[PDB]
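Below: the structure, in structure tokens.
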Amino acid sequence: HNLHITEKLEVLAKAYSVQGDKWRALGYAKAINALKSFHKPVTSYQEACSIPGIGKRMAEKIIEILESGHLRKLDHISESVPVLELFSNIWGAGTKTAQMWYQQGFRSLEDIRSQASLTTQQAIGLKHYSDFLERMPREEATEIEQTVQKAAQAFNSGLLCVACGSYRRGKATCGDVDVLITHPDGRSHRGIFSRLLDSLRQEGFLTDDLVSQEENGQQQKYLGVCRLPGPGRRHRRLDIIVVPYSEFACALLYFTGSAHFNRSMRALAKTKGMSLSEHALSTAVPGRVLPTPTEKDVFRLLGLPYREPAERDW
DNA sequence: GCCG
DNA sequence: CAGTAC
DNA sequence: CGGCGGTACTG
Ligand SMILES: Nc1ncnc2c1ncn2[C@H]1C[C@H](O)[C@@H](COP(=O)(O)OP(=O)(O)OP(=O)(O)O)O1
Ligand SMILES: [Mg+2]
Ligand code: NA
Ligand code: NA
């Protein structure tokens, strides 16, 4: 973890991202990672241009930060960028909505509150704006997962509940809590969302819903808001997925991430004429589902050594 | 932005 | 669907 | 030249 050039590239990357240039931002992201994972601090355009994820343009940027101490592009970042970042940090608003609000003359969250048309999701995002930008201590994510597990296992004690995401990857803090739920009998997972969510509502634990198709008996996810009881508590984002046991390993792998790790893994599967998703590991263009009873089986079928969750924190 |  | 989200 | 993971809600 030994480069200073990435600090400058990070600003450009974020600038491109909030302005909607998502593929250019991805290229910066991959390069920033390539720079982060190099041994010696790069000192040559040739040395830089050799690195995978770094091309002529990125090398030149590097060759300027080394031989000048600065990146000229950083002085010509659009003035809109910090406001675009402010707006897209509202949950449920992305770059398109942020750019529309900016075009309409809005410059602050007060402008948004008083003058913007907000979706139901965005109104919830705005009212929890600071809280959703916080990370919680690992210990708090444990309490939240346990709250969900207790409510679930009260209804069916055979239900398996696992906190995934950054929590399973062992991080000291968590942006939210990601809970996977399944049942080993392969059937009793069906239709339980209404039951589980109603239970968590009865005791006031859930405070708002963001994404929750409860009219669908095949509902796959709940994205919402919770808050533990007592003083000193903030509102926290809570994501729940309910999956068939036959998809456990792929769902676990997906939900544990990281996101970058998932993208890398799926890209690798595609090179081998396979396809990897939260549902299954399959073959080429419908395709054949491969047997993956455990995460280790997914690595194996892809010709990879098993990585522990903590080693997937890419 | 990068890569094939 | 486009947007936003995981 | 043109894709870059693959998928699930919302309105
Ligand atoms: N774009 C994505 N593509 C594929 N998988 C994703 C994507 N985004 C999120 N996931 C998967 C992997 C993530 O680890 C998991 C949970 O998402 P998320 O809660 O945003 O991240 P996280 O739990 O890893 O970190 P954080 O602490 O910020 O919440 O869902
Ligand atoms: Mg998370
Ligand atoms: Na947002
Ligand atoms: Na709903």
Side-chain angles (χ1 to χ4, degrees), chain A residues 6 9-13 15-29 31-34 48-55 57-62 71 87-101 117-125 132 164-166 175-180 193 209-214 216 219-224 237-243 247 250-272 274-282 285 287 298 302 314:
Chain A
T6 63
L9 298 187
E10 202 72 62
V11 180
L12 259 182
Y16 284 129
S17 180
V18 297
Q19 289 183 96
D21 193 348
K22 63 178 175 191
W23 297 122
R24 187 171 312 273
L26 175 66
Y28 272 77
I32 281 166
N33 294 344
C49 209
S50 66
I51 307 177
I54 299 190
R57 301 179 82 187
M58 205 60 69
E60 290 167 2
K61 265 75 138 66
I62 299 298
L71 191 53
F87 292 170
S88 52
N89 278 340
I90 298 174
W91 201 99
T95 178
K96 294 298 187 170
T97 300
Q99 287 194 316
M100 189 192 73
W101 286 339
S117 187
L118 298 165
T119 68
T120 300
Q121 291 171 346
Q122 288 160 3
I124 292 168
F132 288 181
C164 304
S166 59
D176 60 18
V177 188
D178 305 291
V179 181
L180 184 159
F193 261 121
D209 310 325
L210 296 165
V211 169
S212 190
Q213 198 172 61
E214 286 169 63
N216 182 6
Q219 168 180 6
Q220 293 183 56
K221 76 182 84 188
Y222 169 88
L223 316 178
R237 280 271 295 104
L238 168 63
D239 294 342
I240 302 171
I241 61 172
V242 173
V243 303
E247 303 182 354
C250 286
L252 182 63
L253 183 69
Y254 154 71
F255 216 26
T256 296
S258 76
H260 274 306
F261 176 81
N262 288 347
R263 283 183 290 263
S264 298
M265 185 126 302
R266 293 168 184 213
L268 180 77
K270 187 154 69 181
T271 73
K272 312 189 171 301
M274 275 176 283
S275 191
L276 173 64
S277 84
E278 40 265 59
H279 294 297
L281 176 63
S282 293
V285 189
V298 187
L302 294 176
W314 302 1

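Note on naming: letters A, B, ... go to the chains in the order of the sequence lines (proteins, then strands), and numbering restarts at 1 for each one.
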Could you write out each protein N or O paired with an N or O of nucleotides 2-4 of chain D at a distance under 3.5 Å?
{"from": "D:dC4", "atom 1": "OP1", "to": "A:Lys270", "atom 2": "NZ", "distance (Å)": "2.4"}

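Taking atom CG on A:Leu118 and atom P on C:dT4, their separation rounds to 13 Å, with Å as the unit. Counting to the nearest Å, the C1' atom of B:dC3 and the CE atom of A:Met58 are 12 Å from each other. If you measure from atom CD1 of A:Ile241 to atom P of C:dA5, you get 18 Å, rounded to the nearest angstrom. Here D:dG6 presents its P atom at 12 Å from CG of A:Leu302, a figure rounded to the nearest Å. If you measure from atom NZ of A:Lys22 to atom P of D:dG6, you get 14 Å, rounded to the nearest angstrom. Following rounding to the nearest Å, A:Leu268 (CG) and B:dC3 (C1') show an atom-to-atom distance of 15 Å. In this entry the distance linking CD of A:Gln219 with P of D:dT10 reads 8 Å, nearest Å. Atom P of nucleotide D:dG5 and atom CD of A:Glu278 are separated by 15 Å, given to the nearest angstrom.
Within 4.0 Å (heavy atoms only), A:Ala269 reaches no atom of the nucleic acid at all. Within 4.0 Å (heavy atoms only), A:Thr95 reaches sugar-phosphate atoms of the nucleic acid but no base atom.
Judged purely by atom type and a 3.5 angstrom limit, A:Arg266 has no side-chain atom pairing as donor or acceptor with the backbone of A:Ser275. At least one donor-acceptor pair closer than 3.5 Å links the side chain of A:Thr256 to the backbone N or O of A:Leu252. In this structure, A:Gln122 contributes its side chain and A:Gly92 its backbone to a donor-acceptor pair below 3.5 Å.
Partners of A:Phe87 under the ring pair (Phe, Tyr, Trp, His ring centres under 6.0 Å) rule, at least two apart in sequence or in another chain, are A:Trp101.
With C1' as the reference atom, D:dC4 and C:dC1 are 22 Å apart, rounded to whole Å. B:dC3 and D:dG5: their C1' atoms are spaced 16 Å apart (whole Å). With both ends at atom P, the span from C:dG3 to D:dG2 equals 22 Å, rounded to whole Å.
The shortest distance between side-chain heavy atoms of A:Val243 and A:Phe255 does not fall below 4.5 Å.
Regarding contacts with the backbone of B:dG1, a side-chain N or O of A:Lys61 is found under 4.0 angstrom from either OP1 or OP2. The shortest distance between the side-chain N/O atoms of A:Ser277 and the OP1/OP2 oxygens of D:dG5 is not below 4.0 Å. Look at A:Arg263 and you won't find any side-chain N or O under 4.0 angstrom from OP1 or OP2 of D:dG5. Residue A:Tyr254 places no side-chain N or O under 4.0 Å from the OP1 or OP2 atom of D:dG6. Side-chain nitrogen and oxygen atoms of A:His260 include none within less than 4.0 Å of the OP1 or OP2 phosphate oxygen of D:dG5.
Distances from the side chain of A:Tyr16 to the nucleotides D:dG6, D:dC9, B:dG1 place B:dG1 closest. The A:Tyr28 side chain lies nearest to B:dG1 when the options are D:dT10, D:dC9, B:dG1. You'll find that the side chain of A:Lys96 is closest to C:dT4, out of D:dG6, D:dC9, C:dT4.
In the model, A:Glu214 has a side-chain atom that pairs as donor or acceptor with a side-chain atom of A:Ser212 under 3.5 Å. Between the side chains of A:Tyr222 and A:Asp209, at least one donor N or O lies within less than 3.5 Å of an accepting N or O.
For C:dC1, the ring torsion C1'-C2'-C3'-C4' comes out positive, which puts the sugar in the north group.
A:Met58 pairs with exactly one of A:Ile51, A:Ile32, A:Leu9 by the side-chain contact (heavy atoms from CB on, under 4.5 Å) rule, that one being A:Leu9.
No donor-acceptor contact under 3.5 Å links the side chain of A:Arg266 to the base of D:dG5.
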